[PDB]
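Visitor: Sharing a structure with you now.
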Amino acid sequence: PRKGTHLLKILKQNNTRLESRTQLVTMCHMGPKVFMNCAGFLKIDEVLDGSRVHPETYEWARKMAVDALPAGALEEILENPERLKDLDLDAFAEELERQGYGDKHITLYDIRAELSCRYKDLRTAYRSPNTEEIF
Amino acid sequence: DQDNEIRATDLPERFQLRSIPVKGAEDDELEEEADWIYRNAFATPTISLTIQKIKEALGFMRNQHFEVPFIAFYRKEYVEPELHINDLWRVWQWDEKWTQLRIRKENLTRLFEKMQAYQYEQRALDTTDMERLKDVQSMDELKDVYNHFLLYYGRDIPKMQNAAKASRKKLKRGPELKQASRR
Amino acid sequence: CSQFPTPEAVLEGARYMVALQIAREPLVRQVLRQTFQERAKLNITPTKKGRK
Amino acid sequence: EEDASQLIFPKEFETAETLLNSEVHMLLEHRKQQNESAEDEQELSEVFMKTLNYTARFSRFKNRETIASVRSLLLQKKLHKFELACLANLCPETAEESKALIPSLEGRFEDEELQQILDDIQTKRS
Amino acid sequence: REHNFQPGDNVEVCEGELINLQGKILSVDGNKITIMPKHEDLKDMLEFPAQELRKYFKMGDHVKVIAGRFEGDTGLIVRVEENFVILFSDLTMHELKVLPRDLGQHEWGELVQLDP
Amino acid sequence: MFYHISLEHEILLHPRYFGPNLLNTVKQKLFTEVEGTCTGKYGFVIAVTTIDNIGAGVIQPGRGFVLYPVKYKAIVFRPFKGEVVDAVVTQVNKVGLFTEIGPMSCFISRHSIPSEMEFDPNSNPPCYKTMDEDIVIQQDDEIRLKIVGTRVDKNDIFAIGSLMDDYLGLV
């Protein structure tokens with residue numbers, strides 16, 4: 001409540017939409033740690049801003065976009081995935097030992113899934129209520 | 001207004017609402033935390049109804065200051081597959097219980113230390129001070145050590161505290177309200 | 001003493017002393033608590049009200 | 001305007017005679033015993049039950065003679081019937097404490113005499 | 001700023017020559033207020049414009065909130081501060097901060113479900 | 001505090017109750033009519049100890065009922081501002097302590113206990129403690145509290161207590 005109402009009050013008073021997630025720390029007065037925590041969870045209808053990949057992860061996303069053949073690459077890749085099988089978990093895991101410092105294999109998994117479809121809803125598809133529920 | 005100083009800081013809003021403020025770790029007390037939480041929060045209940053992962057999750061919460069959802073979604077490799085989102089919330093809850101237990105143990109230790117000083121100035125506390133205060137692994141047996149102390153020294157706490165309040169006034173020459181007979 | 005005017009009264013007082021010292025010992029409480037955790041029976045009966 | 005600290009009470013209550021928790025316990029237990037013997041299908045209220053057991057937790061005296069004695073040995077002094085009851089209920093140990101609880105006692109007695117009274121009452125506790 | 005004063009209120013003069021005088025309101029006539037000063041030495045009625053008085057309370061008074069965020073709630077004053085009185089709502093049993101200045105869905109007998 | 005006082009009550013007795021057992025029936029109607037009741041005037045009437053005298057039954061003209069003005073002595077619990085009374089803590093909460101003095105429920109607000117006391121929301125049960133844990137007060141503990149205010153309700157009285165004076169507190 002405290003941080004949110006403040007953030008909305010600023011954005012309202014300025015009369016402008018968030019063009020990018022970097023706009024949060026640029027326009028508002030929120031600290032780096034809260035930005036770190038929430039930036040992943042804030043959608044924006046700079047194309048990666050409308051997806052689950054976190055700003056720290058953007059370098060990795062750009063790297064995958066270049067290897068898939070970088071706004072010009074991203075936009076085309078976002079229309080349809082050139083090659084789903086192209087990435088190699090062993091290649092990324094081996095380079096991560098010197099560029100990233102960690103076993104981020106699941107993160108690459110999620111980046112791939114995200115580039116496939118931006119902010120795909122994980123809720124189970126809507127189904128008409130069962131006769132027991134109706135009763 | 002308290003909302004202004006609370007909104008100004010760099011920590012999550014729910015972290016200021018929490019009764020136990022989030023303080024950094026030392027890797028040794030954090031190892032003891034991971035062990036304690038595993039043995040108490042992931043143990044068989046009475047009615048019919050990984051330590052490395054807990055250590056990393058706690059490190060995120062106390063040192064990196066990451067909230068549970070951030071840890072779940074962006075730090076999966078460190079906690080999965082043995083800890084899930086609800087398990088992270090359970091760990092974040094048990095962090096409060098652990099901190100209170102440790103603080104209680106410390107406060108009672110300082111009370112025992114004062115009791116030793118008081119008895120030296122005037123049974124006694126010889127080995128039970130170190131032995132029992134360090135042994136306590138749960139709040140339930142903490143109460144046992146507190147009530148055991150009160151049985152013998154419960155008669156003298158009021159005397160010691162009223163003497164301390166008088167000592168403070170004499171030193172000057174706070175809520176220095178005396179204490180009841182406690183008979 | 002006037003608080004315990006006879007050997008019988010003084011001995012009951014001593015028994016109270018020992019009983020407290022035993023009941024407050026953390027070691028006795030720890031083992032008995034463990035005993036209640038492992039071997040504890042629940043008994044229930046309705047009150048004059050609950051019978052109806 | 002009512003404040004017990006300065007001994008100011010309503011006219012309707014001033015004429016009342018106070019009772020010690022032990023005294024009330026003896027009365028209320030007599031009442032419950034009479035409830036059992038002359039059995040009739042009649043019921044005891046929650047206020048009575050939660051007053052009987054409460055008085056049982058704070059009944060500083062149990063022997064019927066100890067109540068009459070603490071009352072008589074106290075009324076031999078010049079205390080108000082209010083102080084007569086709260087000093088037998090509270091059983092303050094140090095005179096300084098008795099005056100702290102009942103401020104009316106300040107200047108009423110010397111500390112050593114007051115301590116004598118309190119010591120006597122305390123020896124009567126059962 | 002039209003005052004919430006009513007006969008029977010305890011007030012303290014906050015402005016003018018008679019500052020810190022305590023008295024009880026007798027009558028309210030627009031923004032003119034007649035009060036009975038609370039001193040063994042002063043028995044006569046005094047009239048003050050409503051801007052010059054402020055309500056005051058002591059711990060343990062029983063009061064009703066008649067304005068603002070909690071209007072209609074009641075409780076005992078547990079602490080008093082120059083800025084505000086904090087009272088314990090009798091029935092909803094919450095602490096509740098208030099300014100000293102402030103102290104049809106169903107019908108009686110209506111049947112309601114509560115749980116299913 | 002408990003007091004023994006002479007009180008009076010006027011009971012309306014239905015004509016069907018006339019007859020031999022009449023007066024004993026009055027005695028019995030009186031007990032059930034005042035015992036357990038509570039009034040701001042006298043406090044809680046804990047129990048009727050004796051009936052002084054039953055007045056002459058005045059037959060009310062128009063309705064058959066005869067009203068008996070009966071004088072009796074009862075044990076009554078009257079709290080006062082400034083009282084210092086032993087209370088049993090029944091429930092501890094983030095906002096003060098709920099305690100009971102005989103039949104009278106009483107509350108000690110968080111703002112009326114010494115500055116050192118703080119709430120421990122996870123103890124078994126929750127309790128208040130000082131920064132040194134020297135005094136810890138929870139359920140079933142006995143507290144000497146000083147009454148500072150009271151409110152009178154329909155057949156009930158509720159009091160607000162304090163632990164601010166020099167010799168109040170635990171046991």
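All residue names refer to the structure tokens as shown: chains lettered A, B, ... in order, residues numbered from 1 in each chain, ligands numbered from 1 in order.
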Extract, using only C-alpha atoms, all DNA, RNA and protein residues at most 9 Å from region 91-99 of chain D, discarding same-chain residues fewer than 6 positions from it, and format them as an mmCIF file with N, CA and C atoms, in the first residue's frame.

Guide:
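out08.cif was written with the following content:
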data_model
loop_
_atom_site.group_PDB
_atom_site.id
_atom_site.type_symbol
_atom_site.label_atom_id
_atom_site.label_comp_id
_atom_site.auth_asym_id
_atom_site.auth_seq_id
_atom_site.Cartn_x
_atom_site.Cartn_y
_atom_site.Cartn_z
ATOM 1 N N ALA B 180 5.825 -5.871 42.542
ATOM 2 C CA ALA B 180 5.012 -6.520 43.571
ATOM 3 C C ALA B 180 5.769 -7.568 44.396
ATOM 4 N N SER B 181 5.157 -7.925 45.538
ATOM 5 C CA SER B 181 5.723 -8.905 46.469
ATOM 6 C C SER B 181 5.933 -10.276 45.834
ATOM 7 N N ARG B 183 4.550 -13.084 46.189
ATOM 8 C CA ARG B 183 4.474 -14.227 47.106
ATOM 9 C C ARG B 183 3.629 -15.383 46.564
ATOM 10 N N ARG D 60 -6.824 -15.555 51.092
ATOM 11 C CA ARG D 60 -5.594 -15.564 51.878
ATOM 12 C C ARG D 60 -5.718 -16.376 53.155
ATOM 13 N N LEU D 105 -3.028 5.441 53.684
ATOM 14 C CA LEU D 105 -2.215 5.125 54.854
ATOM 15 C C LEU D 105 -1.052 6.090 55.077
ATOM 16 N N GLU D 106 -0.700 6.929 54.104
ATOM 17 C CA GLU D 106 0.404 7.867 54.296
ATOM 18 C C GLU D 106 0.099 8.840 55.432
ATOM 19 N N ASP D 111 5.929 3.922 59.915
ATOM 20 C CA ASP D 111 6.314 2.750 59.134
ATOM 21 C C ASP D 111 6.566 1.509 59.989
ATOM 22 N N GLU D 112 7.294 1.635 61.099
ATOM 23 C CA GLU D 112 7.532 0.457 61.938
ATOM 24 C C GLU D 112 6.253 -0.129 62.560
ATOM 25 N N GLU D 113 5.311 0.709 63.005
ATOM 26 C CA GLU D 113 4.037 0.173 63.499
ATOM 27 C C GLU D 113 3.260 -0.512 62.379
ATOM 28 N N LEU D 114 3.193 0.146 61.225
ATOM 29 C CA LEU D 114 2.491 -0.410 60.080
ATOM 30 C C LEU D 114 3.108 -1.748 59.701
ATOM 31 N N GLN D 115 4.440 -1.811 59.685
ATOM 32 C CA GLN D 115 5.122 -3.057 59.378
ATOM 33 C C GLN D 115 4.721 -4.121 60.388
ATOM 34 N N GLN D 116 4.542 -3.731 61.655
ATOM 35 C CA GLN D 116 4.120 -4.692 62.672
ATOM 36 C C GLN D 116 2.770 -5.291 62.289
ATOM 37 N N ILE D 117 1.840 -4.424 61.886
ATOM 38 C CA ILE D 117 0.492 -4.856 61.503
ATOM 39 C C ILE D 117 0.568 -5.825 60.327
ATOM 40 N N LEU D 118 1.306 -5.435 59.289
ATOM 41 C CA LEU D 118 1.476 -6.276 58.106
ATOM 42 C C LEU D 118 2.135 -7.608 58.453
ATOM 43 N N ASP D 119 3.158 -7.597 59.308
ATOM 44 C CA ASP D 119 3.802 -8.844 59.713
ATOM 45 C C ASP D 119 2.798 -9.754 60.405
ATOM 46 N N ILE D 121 -0.564 -9.802 60.098
ATOM 47 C CA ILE D 121 -1.481 -10.338 59.090
ATOM 48 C C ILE D 121 -0.822 -11.463 58.289
ATOM 49 N N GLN D 122 0.404 -11.236 57.813
ATOM 50 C CA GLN D 122 1.124 -12.248 57.036
ATOM 51 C C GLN D 122 1.324 -13.563 57.793
ATOM 52 N N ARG D 125 -1.681 -15.846 57.372
ATOM 53 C CA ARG D 125 -1.969 -16.472 56.087
ATOM 54 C C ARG D 125 -1.792 -17.982 56.184
ATOM 55 N N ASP F 166 3.654 2.054 41.410
ATOM 56 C CA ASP F 166 4.857 1.469 42.003
ATOM 57 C C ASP F 166 4.837 0.005 42.432
ATOM 58 N N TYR F 167 3.715 -0.513 42.934
ATOM 59 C CA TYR F 167 3.670 -1.891 43.419
ATOM 60 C C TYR F 167 2.637 -2.769 42.728
#

Visitor: When you look at region 87-102 of chain E with a cut-off of 8 Å (counting only C-alpha atoms), what residues show up, excluding the ones that are within fewer than 4 positions of it in the same chain? I need them as number ranges by chain.

Guide: E: 4, 54-57, 65-68, 73-79, 83; F: 95, 109

Visitor: Write out as a Markdown table the residues of chain B that have any atom within 6 Å of an atom of chain F, one row each with the nearest atom pair and its distance in Å to one decimal, counting only C-alpha atoms, sorted by chain and then rising number.

Guide:
| residue | atom | partner | partner_atom | distance |
| --- | --- | --- | --- | --- |
| B:107 | CA | F:132 | CA | 5.1 |
| B:177 | CA | F:166 | CA | 4.5 |
| B:178 | CA | F:166 | CA | 4.6 |
| B:179 | CA | F:167 | CA | 5.1 |
| B:180 | CA | F:167 | CA | 4.8 |
| B:182 | CA | F:171 | CA | 4.8 |

Visitor: Put those residues in a file: C-alpha atoms, as a short mmCIF file (atom, residue, chain, number, x, y, z; two decimals), in the first residue's frame.

Guide:
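The resulting file, again-v5.cif, is shown below:
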data_model
loop_
_atom_site.label_atom_id
_atom_site.label_comp_id
_atom_site.auth_asym_id
_atom_site.auth_seq_id
_atom_site.Cartn_x
_atom_site.Cartn_y
_atom_site.Cartn_z
CA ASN B 107 17.54 -11.97 27.34
CA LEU B 177 8.11 1.55 38.90
CA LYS B 178 8.81 -0.94 41.69
CA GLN B 179 7.59 -4.56 41.53
CA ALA B 180 5.01 -6.52 43.57
CA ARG B 182 5.18 -11.89 44.12
#

Visitor: Can you measure CA of residue 51 (chain E) to CA of residue 24 (chain E) for me? One decimal in Å is fine.

Guide: 15.7 Å

Visitor: Please indicate the distance in Å from CA of residue 53 (chain B) to CA of residue 79 (chain B), rounded to one decimal place.

Guide: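 According to the coordinates, CA of residue 53 (chain B) and CA of residue 79 (chain B) are separated by 4.7 Å.
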
Visitor: For a quick test of understanding: name the residues of chain A lying within 6 Å of chain B when counting only C-alpha atoms, and present them as a VMD selection string.

Guide: chain A and resid 2 to 3 31 34 37

Visitor: According to DSSP computed on the backbone, where in chain C is there helix (DSSP H, G or I)? Give the residues as a PyMOL selection string.

Guide: chain C and resi 7-24+26-38

Visitor: Pick out the residues sitting within 10 Å of residue 100 (chain A), and hand them over as a ChimeraX atom specification; count only C-alpha atoms, and ignore anything fewer than 6 positions along from it in its own chain.

Guide: /A:57,60,92-93

Visitor: Take CA of residue 120 (chain B) and CA of residue 165 (chain B) and report the distance between them in Å, one decimal.

Guide: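 Straight-line distance from CA of residue 120 (chain B) to CA of residue 165 (chain B) works out to 18.9 Å.
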
Visitor: Counting only C-alpha atoms, which of D:104, D:51, D:66, D:37 gets nearest to chain C?

Guide: D:66

Visitor: If you run DSSP on the backbone here, which positions in region 5-87 of chain E get strand (DSSP E or B)? Please write them as a count of residues only.

Guide: 40

Visitor: At most 10 Å is the cut-off: for each residue in chain F with any atom that close to an atom of chain E, write down the nearest atom pair and the distance in Å rounded to one decimal, counting only C-alpha atoms, chain first then increasing number, as JSON lines.

Guide:
{"residue": "F:81", "atom": "CA", "partner": "E:60", "partner_atom": "CA", "distance": 8.5}
{"residue": "F:94", "atom": "CA", "partner": "E:94", "partner_atom": "CA", "distance": 9.9}
{"residue": "F:95", "atom": "CA", "partner": "E:95", "partner_atom": "CA", "distance": 6.9}
{"residue": "F:96", "atom": "CA", "partner": "E:95", "partner_atom": "CA", "distance": 9.2}
{"residue": "F:107", "atom": "CA", "partner": "E:88", "partner_atom": "CA", "distance": 9.5}
{"residue": "F:108", "atom": "CA", "partner": "E:78", "partner_atom": "CA", "distance": 8.6}
{"residue": "F:109", "atom": "CA", "partner": "E:78", "partner_atom": "CA", "distance": 6.4}
{"residue": "F:110", "atom": "CA", "partner": "E:78", "partner_atom": "CA", "distance": 8.6}
{"residue": "F:111", "atom": "CA", "partner": "E:79", "partner_atom": "CA", "distance": 6.4}
{"residue": "F:112", "atom": "CA", "partner": "E:78", "partner_atom": "CA", "distance": 7.1}
{"residue": "F:147", "atom": "CA", "partner": "E:60", "partner_atom": "CA", "distance": 9.0}
{"residue": "F:148", "atom": "CA", "partner": "E:60", "partner_atom": "CA", "distance": 5.7}
{"residue": "F:149", "atom": "CA", "partner": "E:60", "partner_atom": "CA", "distance": 4.1}
{"residue": "F:150", "atom": "CA", "partner": "E:60", "partner_atom": "CA", "distance": 6.9}
{"residue": "F:151", "atom": "CA", "partner": "E:62", "partner_atom": "CA", "distance": 6.6}
{"residue": "F:152", "atom": "CA", "partner": "E:62", "partner_atom": "CA", "distance": 9.6}
{"residue": "F:158", "atom": "CA", "partner": "E:90", "partner_atom": "CA", "distance": 9.0}
{"residue": "F:159", "atom": "CA", "partner": "E:60", "partner_atom": "CA", "distance": 9.1}
{"residue": "F:160", "atom": "CA", "partner": "E:60", "partner_atom": "CA", "distance": 7.2}
{"residue": "F:161", "atom": "CA", "partner": "E:60", "partner_atom": "CA", "distance": 9.1}
{"residue": "F:162", "atom": "CA", "partner": "E:78", "partner_atom": "CA", "distance": 9.4}

Visitor: Generate the output file for the selected residues, N, CA and C atoms, as a JSON list (two decimals), in the first residue's frame.

Guide:
[["chain", "number", "residue", "atom", "x", "y", "z"],
["F", 81, "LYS", "N", -13.08, 3.59, 40.89],
["F", 81, "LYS", "CA", -11.86, 4.18, 40.38],
["F", 81, "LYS", "C", -10.89, 4.25, 41.55],
["F", 94, "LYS", "N", -2.57, -8.34, 21.21],
["F", 94, "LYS", "CA", -1.67, -7.30, 20.72],
["F", 94, "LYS", "C", -2.04, -5.92, 21.24],
["F", 95, "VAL", "N", -3.27, -5.76, 21.71],
["F", 95, "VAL", "CA", -3.77, -4.51, 22.27],
["F", 95, "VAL", "C", -4.28, -4.82, 23.68],
["F", 96, "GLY", "N", -3.37, -4.70, 24.64],
["F", 96, "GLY", "CA", -3.65, -4.89, 26.05],
["F", 96, "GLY", "C", -3.95, -6.32, 26.47],
["F", 107, "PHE", "N", -10.08, -4.84, 31.46],
["F", 107, "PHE", "CA", -9.10, -4.71, 30.39],
["F", 107, "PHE", "C", -8.00, -3.74, 30.78],
["F", 108, "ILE", "N", -6.76, -4.10, 30.46],
["F", 108, "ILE", "CA", -5.59, -3.26, 30.71],
["F", 108, "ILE", "C", -5.05, -2.93, 29.33],
["F", 109, "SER", "N", -5.26, -1.70, 28.87],
["F", 109, "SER", "CA", -4.80, -1.34, 27.54],
["F", 109, "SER", "C", -3.27, -1.28, 27.45],
["F", 110, "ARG", "N", -2.77, -1.58, 26.25],
["F", 110, "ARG", "CA", -1.34, -1.53, 25.96],
["F", 110, "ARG", "C", -0.71, -0.22, 26.40],
["F", 111, "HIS", "N", -1.47, 0.87, 26.37],
["F", 111, "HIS", "CA", -0.98, 2.19, 26.74],
["F", 111, "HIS", "C", -0.95, 2.45, 28.24],
["F", 112, "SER", "N", -1.34, 1.48, 29.07],
["F", 112, "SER", "CA", -1.41, 1.68, 30.52],
["F", 112, "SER", "C", -0.58, 0.63, 31.26],
["F", 147, "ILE", "N", -7.77, -0.09, 39.13],
["F", 147, "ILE", "CA", -8.86, 0.32, 38.26],
["F", 147, "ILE", "C", -8.81, 1.83, 38.11],
["F", 148, "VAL", "N", -8.86, 2.32, 36.88],
["F", 148, "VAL", "CA", -8.83, 3.76, 36.63],
["F", 148, "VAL", "C", -10.13, 4.27, 36.01],
["F", 149, "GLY", "N", -11.00, 3.39, 35.54],
["F", 149, "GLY", "CA", -12.24, 3.79, 34.93],
["F", 149, "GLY", "C", -13.16, 2.61, 34.79],
["F", 150, "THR", "N", -14.44, 2.90, 34.56],
["F", 150, "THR", "CA", -15.43, 1.84, 34.43],
["F", 150, "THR", "C", -16.61, 2.35, 33.62],
["F", 151, "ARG", "N", -17.27, 1.42, 32.93],
["F", 151, "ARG", "CA", -18.47, 1.69, 32.16],
["F", 151, "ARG", "C", -19.55, 0.70, 32.57],
["F", 152, "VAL", "N", -20.77, 1.19, 32.72],
["F", 152, "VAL", "CA", -21.89, 0.38, 33.19],
["F", 152, "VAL", "C", -22.78, 0.02, 32.01],
["F", 158, "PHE", "N", -17.97, -3.23, 33.17],
["F", 158, "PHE", "CA", -16.67, -3.49, 32.60],
["F", 158, "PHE", "C", -15.72, -2.42, 33.12],
["F", 159, "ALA", "N", -14.50, -2.81, 33.49],
["F", 159, "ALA", "CA", -13.55, -1.87, 34.06],
["F", 159, "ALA", "C", -12.27, -1.85, 33.24],
["F", 160, "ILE", "N", -11.58, -0.71, 33.30],
["F", 160, "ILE", "CA", -10.29, -0.53, 32.64],
["F", 160, "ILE", "C", -9.23, -0.35, 33.73],
["F", 161, "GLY", "N", -8.19, -1.19, 33.70],
["F", 161, "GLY", "CA", -7.15, -1.20, 34.70],
["F", 161, "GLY", "C", -5.82, -0.61, 34.23],
["F", 162, "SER", "N", -4.90, -0.47, 35.19],
["F", 162, "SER", "CA", -3.56, 0.05, 34.95],
["F", 162, "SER", "C", -2.55, -0.72, 35.79]]

Visitor: Which residues are close to region 24-40 of chain C, i.e. within 7 Å by only C-alpha atoms, leaving aside same-chain residues fewer than 6 positions away? Reply as a PyMOL selection string.

Guide: chain B and resi 144-145+147-148
